[PDB]
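Notes to accompany the following structure.
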Amino acid sequence: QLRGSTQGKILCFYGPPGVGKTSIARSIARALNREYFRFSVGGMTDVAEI
Amino acid sequence: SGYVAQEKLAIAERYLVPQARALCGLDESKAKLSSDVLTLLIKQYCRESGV
Ligand SMILES: Nc1ncnc2c1ncn2[C@@H]1O[C@H](COP(=O)(O)OP(=O)(O)O)[C@@H](O)[C@H]1O
């Protein structure tokens, strides 16, 4: 909001599963007005998916 | 190699603090960071060969 243009950024969250992690993402999405989307990467081994 | 503890001071005073300052867009007028504060940082919160 201060330095003009939008920038991306990375973050991480951690704790017990089912703590409400995922919910805050969409809540953010409601805050920032950008489109939401999610996808699993657990257990993936091959790189073609990424 | 890695980087010497003292050497990192000379790093952060020139090649690091201004860069992040330009990422946040601030000036020392609103964001001064002395050398001594930096030596305190590395002295306490971060002793790692990478910066
Ligand atoms: N602070 C919170 N506010 C609202 N819902 C919460 C909160 N903490 C936990 N939840 C509840 O936890 C459950 C799991 O949340 P979610 O983050 O979507 O799954 P996961 O924990 O697997 O990411 C949801 O039903 C959610 O309502």
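Each residue of the protein assembly as shown gets 215 Å³ once the volume of the Cα convex hull is shared out per residue. Distance from a point 7 Å along Cα→Cβ of B:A22 to each backbone N in segment A:7-27: keep the residues under 19 Å and list them by number. Within reach of a label on B:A22: A:7-8. Would you work out if segment A:5-50 is rounded, prolate or oblate? Take a ≥ b ≥ c from the square roots of the eigenvalues of the alpha-carbon gyration tensor; rounded if a/c is under 1.5, else prolate when a/b is larger than b/c, oblate otherwise. It comes out oblate by the Cα gyration axes.
Sorted ascending by nearby beta carbons within 10 Å, beginning with the fewest, A:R38, A:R3 become A:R38, A:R3.
The angle separating the long axis of helix A:21-32 from the principal Cα axis of greatest extent in chain A is about 30 degrees.
For the peptides A:5-18, B:1-14, residues were scored by their other Cβ atoms within 10 Å and the scores averaged per peptide; the highest-first order is B:1-14, A:5-18.
Please note: Cβ atoms are built from the backbone with ideal geometry, for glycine as well, and neighbour counts cover all protein chains shown. No lab work stands behind these numbers, since they all come straight from the coordinates.
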